[PDB]
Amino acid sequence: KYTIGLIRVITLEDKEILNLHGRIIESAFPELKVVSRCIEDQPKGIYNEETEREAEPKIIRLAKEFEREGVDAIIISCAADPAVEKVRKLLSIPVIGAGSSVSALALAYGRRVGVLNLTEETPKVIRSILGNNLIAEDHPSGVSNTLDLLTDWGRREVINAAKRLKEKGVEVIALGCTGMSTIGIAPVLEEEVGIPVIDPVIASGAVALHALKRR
């Protein structure tokens, strides 16, 4: 097995919660063992440029500590790919980003890509990779919290947002929020719209596995 150092850009106390992402990847890809660690003094995580730029140094410090411990690769578990470019320049191992992973892998399924966010607009890393292949973007109206997607109305909201994208002719939907990976909404949506719905956390695992196996 391979060991991945996964970074959460939001401070989590519940060990169980902090590890939800690595468990998702390990489940999907057994060859991989994921050690998840979060940044400190940032319980609200990254939701703008300040919190982003504020986390850049913490992310970089953790990523570095993971390499000295022998991790085969890094996965910055955030759709915004916070500090992924910077960290790559610094480490001698692959640096995977949830944002570039979900959008890149979506293209391998269809060139007409639609993006489904929660509340935030579409991350710039995803817009960059998708180019004019980003046909459209949508989100669940009325849903402020990820946990709202679990409710009957919130569930309906995201399903409809998926439907709206499919109706715009997209061939594949990339989810732009790692919190959607956490609730496992993707399979429900794919079920609904009948086209691939890409989970950012699972996608990062696939990319992490390719990086390592391609040697």
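For every residue, the number given is its place in the sequence shown, counted from 1.
- Stretch comparison (86 to 94 versus 99 to 107) by mean CA B-factor in the PDB entry places 86 to 94 on top.
- When 60 to 68 is weighed against 41 to 49, 41 to 49 comes out higher, by mean CA B-factor as recorded in the entry.
- Sorting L149, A28, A174, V170 by the CA temperature factor given in the entry leaves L149 at the top.
- Sorting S128, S77, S144, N133 by the CA temperature factor given in the entry leaves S144 at the top.
- Remark: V113 belongs to the lowest third of its chain, ranked by C-alpha B-factor as recorded.
- Remark: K1 belongs to the highest third of its chain, ranked by C-alpha B-factor as recorded.
- Per the deposited record, the Cα B-factor of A162 falls in the lowest third when ranked against the other modelled residues of its chain.
- For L189, the recorded CA temperature factor ranks within the lowest third of the chain's modelled residues.
- Among all modelled residues in its chain, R215 ranks in the highest third by Cα B-factor.
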